[PDB]
Amino acid sequence: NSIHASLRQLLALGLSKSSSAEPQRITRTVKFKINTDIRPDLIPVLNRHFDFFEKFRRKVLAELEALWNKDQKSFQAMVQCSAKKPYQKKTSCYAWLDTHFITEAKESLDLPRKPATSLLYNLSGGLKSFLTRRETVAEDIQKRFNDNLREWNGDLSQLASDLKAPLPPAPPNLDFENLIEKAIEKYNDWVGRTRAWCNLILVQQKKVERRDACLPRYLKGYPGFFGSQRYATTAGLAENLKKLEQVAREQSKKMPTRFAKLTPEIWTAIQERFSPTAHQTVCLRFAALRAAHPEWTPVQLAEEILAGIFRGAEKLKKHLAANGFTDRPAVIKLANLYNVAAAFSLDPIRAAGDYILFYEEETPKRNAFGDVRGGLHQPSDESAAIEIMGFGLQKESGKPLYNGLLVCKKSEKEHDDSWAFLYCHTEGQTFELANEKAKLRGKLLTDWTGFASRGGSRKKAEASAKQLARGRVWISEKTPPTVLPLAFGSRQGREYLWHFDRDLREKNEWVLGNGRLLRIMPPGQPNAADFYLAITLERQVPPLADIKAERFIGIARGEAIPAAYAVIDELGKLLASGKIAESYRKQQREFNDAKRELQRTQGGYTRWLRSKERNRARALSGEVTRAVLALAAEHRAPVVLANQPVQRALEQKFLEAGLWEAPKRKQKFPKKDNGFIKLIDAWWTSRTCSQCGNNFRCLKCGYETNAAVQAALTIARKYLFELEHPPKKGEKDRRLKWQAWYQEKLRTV
DNA sequence: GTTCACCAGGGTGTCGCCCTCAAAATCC
DNA sequence: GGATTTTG
RNA sequence: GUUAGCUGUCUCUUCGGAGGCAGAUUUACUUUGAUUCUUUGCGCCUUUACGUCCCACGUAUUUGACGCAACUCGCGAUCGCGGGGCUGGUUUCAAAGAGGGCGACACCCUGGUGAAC
């Protein structure tokens, strides 16, 4: 019944086949945890190493961004240089970066060369992704640009001229051949201005109320350079509050000048704006002071009101300073007090109709209040990653190529072995794999058994096979490497470390790919940091089969019920049905509502609502895959779906058993059926009546049943339809045939 | 009192676009 | 010998 | 705690091997869902309501934040170093996980201007 149980039961007929195909690989991560609870002295060391890593990353990104902004063709040449098209005698992006930032470095890097080199290796892939994304985005952005231009010549212009409304300014130009960020932002600013014009001028009123109104489209999706968002600094809450304070005071020091020149009409409008929490309470005091003192000029009332507002701000901020900026009710009220003070001070300009000056007067207050209100939310956690590039050894040596080894201290007891990680970053830290009797100079022998690699070279001529190399570990005497104790949980070690069929110490099924140090931190506090170790392992899984199924399973998704199933035979008559996780949508809605009310009442959600939804999505994928796999194993049946995490988990599980083929290179389209997984178009499926073929209620017969279950049964019974009537490219409408086949089957059986 | 447009700030969830070393020669 | 460097 | 395919037993019974119980199943990670019992409290300030009209002064048994101690845990040697106290801890359970980087988009919350209805 378990995913493992049905997976093994499916292996019992996945590796029980006879196929001439090559075995396929699967890449998986173990994701240990660095035991910083029992070994806390590693916290400052790991933090300092990650700090040097981040300093070097920021420095390199500064130069790379200056180079991208200087000119962009040279940057494109550097990032995409190949042996055919080298850049400065370099054949890859990472080679160029290695000489420029390490070999040709002037000042000694504070990072050791291997971590710095791995950083540049990761950064090369980051840059390549950024350039590929620009390449894909630019086409759609040009499409939007042309759409706007052709709308602004014969549709919006014609509408405005035929309805007497003057045409606002024209669109700017994007310079498409060397597309740059600032031109896009200029164009988007114009787009926003004119979309505001169109709704008010036409859809709101004074023109024909056509919802469209030719509102021009935004140009969307242009990528940020690497790190632009990652390393964009934002001030603390206290500093934003100080900025808001000074802005509000500066707006309230110009108030008497604006109130001394009030016409009766403007004064009446100002009274209307504040005619009956910070806004409302100030309105209430406004009414109180109007009624109690009718013998006062508006200047005196505004002066007293703002004095009161700022006295409240005085007490609020005194409380904040004496009790920290974590009393978010106080912060909300203080922010609101400055906001309302500024609004009332700037009211005469707004009421006079000088909105052009009003906006540019409000801009400091607008930005400061936005900053404070945003900082009220808890910032996203900071995550960093340092890679160990490989585990191979120097040929004929047992000497590492890189600075990290997974080690295991096998005990003499059955349930007391230990695992750790050796990491070299400091100078003089060396480990080696040699047998106990093969003595070495300047090294100590240890009880660790180490897992290294041998072979796997990517060079055609140099490409020897990869193999798990293990042996006894010698460490440097003077300066030994750093030990990272591990904590992982039996379900994991049972899976990757000592599996019945693939124990690391006795079998040769897994091969170490690489490693990654990880740090997860709450921004602004490193002393409480979470450190993980991610090791990527690879193994062969059985070759894909050639199954002859007489059972099939249909599944429908996208409703209150995440997944509903309906087992069928080869003829198509139902054998079972049900639904999976029928409470998921309700629980998800409850969590969403809790998040929204937390956002309102206090600004944000402090602890686990942040990741809950995503966790529930993962749990839902697990449950759905379990149910489907158990049914398929029960009936030896391929599953049928409709044309994302659930789909991915299902195909991963089926390929690990040898019943699905992972993506080929290129081949971006997937095969509709690959072993058990079948894919069909969700067309004419959830509408056709089960009892006839046209909560769900039929109109041609009056049948009523569950929409999800009938949809699943229809999907399962529709896979059979294309068996005799294969589809063709260019043709998509097959409702007639489909209905004819369905009714013919219903009549026959 | 709700709807729309626009402006400012922040959060999250999903997707795009990225990867998951070895091995040889030279230098200090 | 260990480290640097380049490269596919 | 479990989400390993083991082992030892009791019955089913002869039929096929097939149901229950006990322990296995190395680590202690990141999660999900049920389920049992349990609301730390003493000051100083602040929030949303009522009066009062803001500062202030009262009063709900109103939202919270700091400090001190009760507890719970980890930690190292009676004491010190750290974490949590309802978005909790705790008992029984029954079930998942391949990770990292950098961006973009979608939605949500608040504020602001204008207009339409």
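Both backbone and side-chain heavy atoms feed into the values below; hydrogens, waters and symmetry mates do not. Throughout, a chain's letter reflects where its sequence line sits, starting with A, and its residues are numbered from 1.
The shortest distance between the side-chain N/O atoms of A:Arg614 and the OP1/OP2 oxygens of B:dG13 is below 4.0 Å. Between A:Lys315 and the phosphate of D:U46, there is a side-chain N or O to OP1/OP2 separation shorter than 4.0 Å. Side-chain N/O atoms of A:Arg133 include none lying less than 4.0 angstrom from OP1 or OP2 on D:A104. When the side-chain nitrogen and oxygen atoms of A:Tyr355 are compared with OP1 and OP2 of D:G114, one or more of them lie within a distance under 4.0 Å. Residue A:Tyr121 places no side-chain N or O under 4.0 Å from the OP1 or OP2 atom of D:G100. Between A:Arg618 and D:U30 there is no side-chain polar atom (N or O) within less than 4.0 angstrom of OP1 or OP2. Checking the phosphate oxygens (OP1, OP2) of D:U63, no side-chain nitrogen or oxygen of A:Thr601 falls inside 4.0 Å. Distances shown here put a side-chain N or O of A:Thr91 below 4.0 Å from the OP1 or OP2 atom of C:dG8. Contact annotation: A:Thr536 side-chain N/O to D:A98 OP1/OP2 distance is not under 4.0 Å. The side chain of A:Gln204 contributes no N or O atom lying less than 4.0 Å from OP1 or OP2 of D:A116. Taking side-chain N and O atoms only, A:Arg607 has a distance below 4.0 Å to OP1 or OP2 of D:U87. Dashed line: the shortest gap from a side-chain N or O of A:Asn323 to OP1 or OP2 of D:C45 is not under 4.0 Å. For B:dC19, the OP1/OP2 oxygens have no side-chain nitrogen or oxygen of A:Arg516 closer than 4.0 Å. Put simply, A:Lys612 has a side-chain N or O that comes within less than 4.0 Å of OP1 or OP2 on D:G33.
Pairing status of D:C68 against D:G41: a Watson-Crick or G-U wobble pair, both distances under 3.5 Å. Between D:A34 and D:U92 there is a base pair of the Watson-Crick or G-U wobble kind, both of its two distances falling under 3.5 Å. Here D:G114 does not sit opposite D:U40 as a base pair, Watson-Crick or G-U wobble, with both distances under 3.5 Å. Entry note: D:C42 and D:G67 meet the pairing test, Watson-Crick or G-U wobble at under 3.5 angstrom for both distances. The bases D:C6 and D:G23 are paired, Watson-Crick or G-U wobble, with both atom distances under 3.5 Å. Between D:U30 and D:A18 there is no base pair of the Watson-Crick or G-U wobble kind with both donor-acceptor distances below 3.5 Å. For D:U36 with D:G74, the Watson-Crick or G-U wobble criterion does not hold with each of the two distances under 3.5 Å. A canonical Watson-Crick or G-U wobble pair links D:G97 to D:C29, with each of its two hydrogen-bond distances shorter than 3.5 Å.
With a glycosidic angle no more than 90° from 0, D:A70 adopts the syn conformation. Its glycosidic angle being within 90° of 0, D:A24 falls on the syn side.
With 3.5 Å as the limit, one finds a donor-acceptor pair spanning the side chains of A:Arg134 and A:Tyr222. For the residue pair A:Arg366 and A:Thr363, a side-chain donor N or O sits within less than 3.5 Å of a side-chain acceptor on the partner. A donor-acceptor contact closer than 3.5 angstrom links the side chains of A:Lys90 and A:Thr99. At a cut-off of 3.5 Å, with distance as the only test, a side-chain donor of A:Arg133 or A:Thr136 sits close to an acceptor on the other residue. With no hydrogens or angles considered, no side-chain donor-acceptor pair links A:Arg607 and A:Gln378 at under 3.5 Å.
Within 4.0 Å (heavy atoms only), A:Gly324 reaches no atom of the nucleic acid at all. When heavy atoms are screened at a 4.0 angstrom cut-off, A:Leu598 is found touching base atoms of the nucleic acid. Among the atoms of the strands shown, only primed sugar atoms or phosphate atoms (P, OP1, OP2) are found under 4.0 Å from some heavy atom of A:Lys220. Residue contacts for A:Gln644: at a heavy-atom cut-off of 4.0 Å it reaches the sugar-phosphate backbone alone, with no base atom in range. Among the atoms of the strands shown, none is found under 4.0 Å from any heavy atom of A:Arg441. Nucleic acid contact for A:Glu414: base, since at least one base atom lies under 4.0 Å from a heavy atom of the residue. Contacts of A:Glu623 with the nucleic acid, taken as non-hydrogen atoms under 4.0 Å apart, involve only primed sugar atoms and P, OP1 or OP2. Counting any heavy atom pair closer than 4.0 Å across all strands shown, A:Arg505 reaches a base atom. Residue contacts for A:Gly603: at a heavy-atom cut-off of 4.0 Å it reaches no nucleic acid atom on any strand shown. Contacts of A:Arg273 with the nucleic acid, taken as non-hydrogen atoms under 4.0 Å apart, involve only primed sugar atoms and P, OP1 or OP2.
Atom CG in A:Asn240 sits about 18 Å away from atom P in D:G111, given to the nearest Å. Atom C1' of nucleotide D:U110 and atom CG of A:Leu334 are separated by 16 Å, given to the nearest angstrom.
Judged by ring centres under 5.5 angstrom and plane angles under 30°, D:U36 stacks onto its neighbour D:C37. In this step of the strand, D:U47 stacks on D:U48, since the centres of their six-membered base rings are under 5.5 Å apart and the ring planes meet at under 30°. Stacking annotation: D:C12 and D:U13 not stacked (criterion of six-membered ring centroids under 5.5 angstrom and interplanar angle under 30° not met). For the pair D:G103 and D:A104, the rule of 5.5 Å between ring centres and 30° between base planes classifies them as stacked.
At a cut-off of 3.5 angstrom, counting only N and O atoms as typed in the model, there is a donor on one side and an acceptor on the other between the side-chain of A:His4 and the base of D:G5. A donor-acceptor contact under 3.5 Å links the side chain of A:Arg311 to the base of D:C54. Within 3.5 Å, a donor on the side chain of A:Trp608 pairs with an acceptor on the base of D:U87, or the reverse. No donor-acceptor contact under 3.5 Å links the side chain of A:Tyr222 to the base of D:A104. Side-chain to base pairing of A:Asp327 with D:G64: one donor and one acceptor N or O lie within less than 3.5 Å of each other. Evaluation of atom-type donor-acceptor distances gives no pair under 3.5 Å for the side chain of A:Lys90 against the base of C:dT7. Side-chain to base pairing of A:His279 with D:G112: no donor and acceptor N or O lie closer than 3.5 Å to each other. Contact of A:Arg230 with D:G103 (side chain to base): no donor-acceptor pair of N or O atoms is detected under 3.5 Å.
A donor-acceptor pair under 3.5 Å is absent between the side-chain atoms of A:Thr29 and the main chain of A:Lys31, judged by distance alone. No side-chain donor-acceptor contact under 3.5 Å links A:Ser129 to the backbone of A:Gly125.
Remark: A:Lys33 engages A:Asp530 in a salt bridge, criterion side-chain N to carboxylate O under 4.0 Å. Between A:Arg57 and A:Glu54 no salt bridge is recorded (no basic side-chain N to carboxylate O distance below 4.0 Å). Using a 4.0 Å cut-off between charged nitrogen and carboxylate oxygen, A:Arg39 and A:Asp41 count as a salt-bridge pair.
When each of A:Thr99 and A:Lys443 is assigned the nucleotide of DNA chain C bearing its nearest heavy atom, the one mapping closer to the 5' terminus is A:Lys443.
Between D:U48, B:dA8, B:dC18, one nucleotide has an atom nearer to the side chain of A:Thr277 than all others, and that is D:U48.
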